[PDB]
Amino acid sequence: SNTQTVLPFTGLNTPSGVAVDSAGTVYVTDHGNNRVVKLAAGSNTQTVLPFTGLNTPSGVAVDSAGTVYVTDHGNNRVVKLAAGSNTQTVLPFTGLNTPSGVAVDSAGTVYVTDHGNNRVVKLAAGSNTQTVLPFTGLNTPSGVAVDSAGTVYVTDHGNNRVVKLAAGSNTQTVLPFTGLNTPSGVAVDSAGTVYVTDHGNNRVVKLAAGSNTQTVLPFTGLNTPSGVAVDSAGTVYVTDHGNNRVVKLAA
């Protein structure tokens, strides 16, 4: 599609992250209101998730069981909420400096861009032993995504680039995006196409796996977009941060 639609959220203050579950429910970190909201497919009325004590949340992810993971940026922590629960859990990450993005793989491992420590960390489900991924030369990373094979994709915000690291490899590569300006969000779909919010250029770009040729998605009117998600139908959801709204484009 080349016709975007604005999702019927309301009252957002510079939304920062977005995720979409297998039922098409859309989850958004409403950064400036210290809360996370969600909208079921077809619904015209959001609900607020029962997280507590959030300071300007920044990334969100949802797993196949509907558990919602949120980077509680201002409290240097990552929290999660199981489907139907009213009681969040704080994951046992330590030493985080204003975490930004979060991703969760098919094994339930949770990956966090530890923005202010220039690194990416992960915790296997149920573990309290965090691991620092062997990326090198990052500068305040901002988004993270993980594909079906466990390959990790990171927006290396301060270096205007996107890097990738296969599970068990110690050697990252740089994806051949071009002309990015402080990219923020990243998502990877089931085809391995990588989507990036090119924050400083007010646009969203994508790169098919193994291609050297990015394309610009036909969104309109974006103002410093911040997060991107892609559902199983290939619909692309973007937090249009500077316009206080979430937009989507069908495949």
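So that the term is clear: the rigid core is the largest set of C-alpha atoms that superpose within 1.5 Å between two forms. One rule holds for the numbers: they count along the sequence shown, beginning at 1.
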query	finding
Higher-deviation segment by CA RMS in 8 other deposited structures of this protein, core fitted, 80 to 88 or 157 to 165	80 to 88
Higher-deviation stretch (C-alpha RMS, rigid core fit) in 8 other deposited structures of this protein, choosing from 166 to 174 and 133 to 141	166 to 174
Comparing 116 to 124 with 170 to 178, the one whose average Cα B-factor in the PDB entry is higher	170 to 178
Mean Cα B-factor comparison, 79 to 87 or 144 to 152, giving the higher one as deposited	79 to 87
From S64, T29, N202, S226, residue of greatest CA B-factor	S64
Top Cα B factor in the deposited entry, candidates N33, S58, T197, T52	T52
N243 CA temperature factor, ranked by third within the chain	lowest
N97, C-alpha B-factor rank within chain (lowest, middle or highest third)	middle
Lowest, middle or highest third - CA B-factor, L207	highest
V37 - which third its CA temperature factor falls in, relative to the rest of the chain	middle
Third of chain Cα B-factors occupied by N160	lowest
